[PDB]
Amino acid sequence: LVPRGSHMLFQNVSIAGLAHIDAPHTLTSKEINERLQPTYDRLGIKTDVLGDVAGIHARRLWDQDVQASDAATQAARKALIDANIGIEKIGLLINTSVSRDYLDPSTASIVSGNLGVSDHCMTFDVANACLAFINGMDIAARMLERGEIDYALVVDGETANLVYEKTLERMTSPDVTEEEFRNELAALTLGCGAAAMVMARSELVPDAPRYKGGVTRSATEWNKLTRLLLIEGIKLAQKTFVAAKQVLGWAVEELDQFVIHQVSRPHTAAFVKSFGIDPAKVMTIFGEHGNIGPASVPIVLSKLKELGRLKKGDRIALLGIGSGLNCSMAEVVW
């Protein structure tokens, strides 16, 4: 009758399976810079924006014309193995990538068709820049908590190959302005890869990691979006951490890991300083994989798992700031 923060938390929702795919091809920032050198020389700009402002030494790309749906499909096959269940158990499949095969049909339907989902499986895509995987986890959690389904897949395949190709094209053209070139460099911090998660009703999966849910705040006055964006982003995150205290009971020192969406080395450094977070609890892959958009969060969770970095009882914070602006923060208990 009297509301409490903890009442909105999911009680009966778990993670049965989790997998990621690293894209295979390394492209170093040194190789990109050689290609860009004469637009750099031409513009009278002497700074290595990628290596030294962004802090990206390399990113991963696909070796071939891999569609979003292909990479999600591959990640989804692995997470099913990880969970030890067949595709027939899946009642819901949500695709959360920014990369998309077509405006029609949804990417989710293509992935589902690849996996051979049953006729009872509901499917759709969610789009919300870099926070969508956490939005799809939440969506599936509600259906699970209610009993509408027993098992869900949340998938995300990202591909940036064509982005890099169109981008390096404009940036190495005699024509190009500084204001333009500068906008374009940020496309070069993106990376490729994929992740998938099998979520389930906790009674069907006893002792699996528990998905508690989370909180979202927004600052859509700034949907227009530079130097400003870091500041507004931190201010939104401060307010989401308050919400997270009110619902999840978070204080920073009680969390065992922060799985953070990452934009750049300086953006991450500022976030971490501003909230007093110990950097040893912030696994980072941006410097060699780049920004994998909404897949980043689950990829980093899956890497933590693979390295045996997580223990029963570990409180794990999933968070990011995304375009909109939006900020979400959720908790897993391993």
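Note that residue numbering follows the sequence shown and begins at 1.
The modelled chain breaks after residue 225 and resumes at residue 226, leaving 10 or more residues of the deposited sequence without coordinates. With 202-210 and 121-129 compared on mean CA B-factor from the PDB entry, the stretch scoring higher is 202-210. For the pair 262-270 and 43-51, the record assigns the higher mean C-alpha temperature factor to 43-51. Looking at 142, 89, 235, 166, the one whose CA carries the top B-factor in the deposited record is 166.
Considering 302, 291, 28, 69 together, the PDB entry gives 28 the largest C-alpha B factor.
In the deposited entry, the Cα temperature factor of residue 216 sits in the bottom third of values across the chain's modelled residues. Ranked by C-alpha B-factor against the other modelled residues of its chain, residue 156 falls in the lowest third. Ranked by C-alpha B-factor against the other modelled residues of its chain, residue 82 falls in the middle third. In the deposited entry, the Cα temperature factor of residue 2 places it in the highest third of its chain's modelled residues. Annotation for residue 313: CA B-factor lies in the highest third of the chain's modelled residues.
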